[PDB]
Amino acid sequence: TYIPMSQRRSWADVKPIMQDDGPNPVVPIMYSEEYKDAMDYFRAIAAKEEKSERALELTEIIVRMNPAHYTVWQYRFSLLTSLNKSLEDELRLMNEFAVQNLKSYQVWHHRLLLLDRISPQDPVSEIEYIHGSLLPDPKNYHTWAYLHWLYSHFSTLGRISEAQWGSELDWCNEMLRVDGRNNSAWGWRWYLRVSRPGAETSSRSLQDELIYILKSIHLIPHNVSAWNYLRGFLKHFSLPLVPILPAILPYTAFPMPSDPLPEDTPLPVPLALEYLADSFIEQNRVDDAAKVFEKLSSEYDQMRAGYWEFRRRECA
């Protein structure tokens, strides 16, 4: 069974310190013997500011029981730097935490602080690890934000080569081939192609990007991710809507829709109607736009009846 720390030779010099939330606290938690004992000794360790191997072991015991315990993670990182511990060994521990489903904001931030301090001259191994880690949840928000940070931080240091950017777009394209409805991967494409400071903006790149967007819509006409990317693309680069209308009009009844539309594609597509209405507004045909908003409000997108009525009224 469990051996209390009070009976351990290695901890005999330490007087534990009890949790102090008063005599009758609200929201008290019925702690296990193991958790209370470890926190009792952590309070004493932190009070004397001991930076030691036994303190390092103790912090690992605690965060395995509560991975969201930010105070103990903060102490752990200061132990790693004060004792000049192998940060590569700690990264392998964070890989194990992910496998064992020990996860939180705090573990992800600990990983970020490790990469920042290691400061690898080439982060390719970490990039490839993060890619593989998406297998159990390809939309993990922490993972996508971390990947953005990793490329942004190390590109500021000049350490992302053109070959590395190119294989990242290849990987992104494959993610969207496997699931074109993964909005996280659409967001990543936007970073790679539009928002990152090193992205190319030329007449060719704009043409390539529009082709990719329109092909994606024709593959999955009801995919909201593809429609939002199209609207953001046109707005960001101040591109008119009317010249592209031929590719959109078949959904309101450069790449064009399939001559027979794919099966299970009921018409009209509401975001295609929004495109048409906004196109009328671009042409200053406010009454035509108002009629499309009115049909969205009363017929085709009735969950948003009030929003589309708001847009209709704005036409006057």
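Throughout, we count residues from 1 along the sequence that is shown.
| task | Could you tell me how many residues of the deposited sequence sit unmodelled between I29 and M30 (none, 1 to 3, 4 to 9, 10 or more)? | result | The entry has no gap there; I29 and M30 are joined directly.
| request: State which stretch shows the higher mean Cα B factor in the entry: 72-80 or 238-246. | output: Taking the mean B-factor of the alpha carbons in each, 238-246 is higher.
| query | Quick one: higher average CA temperature factor, 217-225 or 199-207? | reply | Averaging CA B-factors over each stretch, the winner is 199-207.
| query | Of the options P136, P123, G132, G180, which has the highest CA B factor as deposited? | reply | Top of the list by C-alpha B-factor: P136.
| For the listed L56, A38, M65, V286, which has the peak Cα B-factor recorded in the PDB entry? | In this record, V286 carries the highest C-alpha B-factor of the candidates.
| request: Compare the C-alpha B factor of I281 with those of the other modelled residues in its chain, then answer lowest, middle or highest third. | output: Within its chain, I281 is a highest-third residue by C-alpha B-factor, going by the deposited values.
| Cα B factor band for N101 (lowest, middle or highest third within the chain) | Its C-alpha B-factor, which the entry lists for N101, ranks in the highest third among residues of this chain.
| task | Sort the modelled residues of this chain by their C-alpha B factor and say whether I61 lands in the lowest, middle or highest third. | result | It belongs to the lowest third of the chain when residues are ordered by C-alpha B-factor.
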